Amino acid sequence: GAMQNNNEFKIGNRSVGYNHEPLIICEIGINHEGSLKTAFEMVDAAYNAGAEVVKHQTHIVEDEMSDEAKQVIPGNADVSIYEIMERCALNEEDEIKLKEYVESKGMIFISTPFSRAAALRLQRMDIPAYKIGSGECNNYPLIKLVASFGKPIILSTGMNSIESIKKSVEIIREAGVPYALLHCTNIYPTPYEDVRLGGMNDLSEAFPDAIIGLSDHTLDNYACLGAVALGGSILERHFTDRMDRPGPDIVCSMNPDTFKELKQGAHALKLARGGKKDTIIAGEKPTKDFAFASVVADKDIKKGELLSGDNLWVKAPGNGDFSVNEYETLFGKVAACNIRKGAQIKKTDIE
């Protein structure tokens, strides 16, 4: 039940929450490999595919990592995280041009700051909402800074327990900004078996004021579609204009075609999800009228004979005086006239 709720906030003019259309975040991330030309090509592909939001990563290497980062390699690469981020990072001027380009296509630009310096850059740019990546979910000092900007926060929760996340949510609530929690697994790519969609329920139950979604790094749309069925309001996958691009995140990115498929599926499952079993569906009425059973004579019954389980049965359609629900209530009734085998039992057939 927890995920079926009225929680909502706006990112600019776009309302997100269970009662709204799911929102797909196209995470270009570092997929541009440091090139504004490639980034624009990817923004073009997102726009033409029907995207509403393009998300960036804001990398200021000096403030985001210490020299130790030069000695440590990610699971999906063979060089240091420092080398990757130095290679892919857009400087401030280029990132400002990227935000302008995204907005010139009528889409929303948001980003993930990976540092204090990055957070401050985005505040100067006045972005409408902040994403906090799973690597920074336990970075309470950074979250406190970002929350002070007064914009909604979308918090990815991979690599963190509910217990760890509580401290971040406390900081966010204290700042008085609305927020979303995205369930996430940070393996690039993520196997289906590690997704644990049930994590979304767990988050929603622990944090009843949270908007809930999924950030994903599997190779396809199945996990995100499943998330929508569960009640997810925000979906995030990395995004590329084409799958032959180089880069460590390309492998789990969606492309224009698969984005379009996700948007279509998300809409269908937004419509199909939730609701209640007992809700009466007007469209079924012709089916109920022909398919439901009425009580019929199973033998010729003479006037004055007793109705029973031996001489009554039930058959479609549902327009007879007695429904199958009343079948046993007729036992012991007296035939008021001769009753023909196969005929519906009428109220006038009994005394």
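Just count from 1 along the sequence shown to find any residue number.
Higher mean CA B-factor, judged across 239-247 and 262-270 from the recorded values: 239-247. Judged by mean Cα B factor in the deposited record, 95-103 ranks above the other of 193-201 and 95-103.
Note on the listed residues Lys37, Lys315, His56, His59: the highest Cα temperature factor in the record is that of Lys37. If you compare the C-alpha temperature factors of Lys303, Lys70, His32, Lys288 in the entry, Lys303 comes out highest. Sort the modelled residues of the chain by CA B factor and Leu307 lands in the highest third. Among the modelled residues of its chain, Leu142 has a C-alpha B-factor that falls in the lowest third, as given in the PDB entry. Among all modelled residues in this chain, the alpha-carbon of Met42 has a temperature factor (C-alpha) in the middle third.
For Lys131, the recorded CA B-factor ranks within the lowest third of the chain. Only modelled residues enter the ranking.
Per-chain ranking of the deposited C-alpha B factor places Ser294 in the lowest third.
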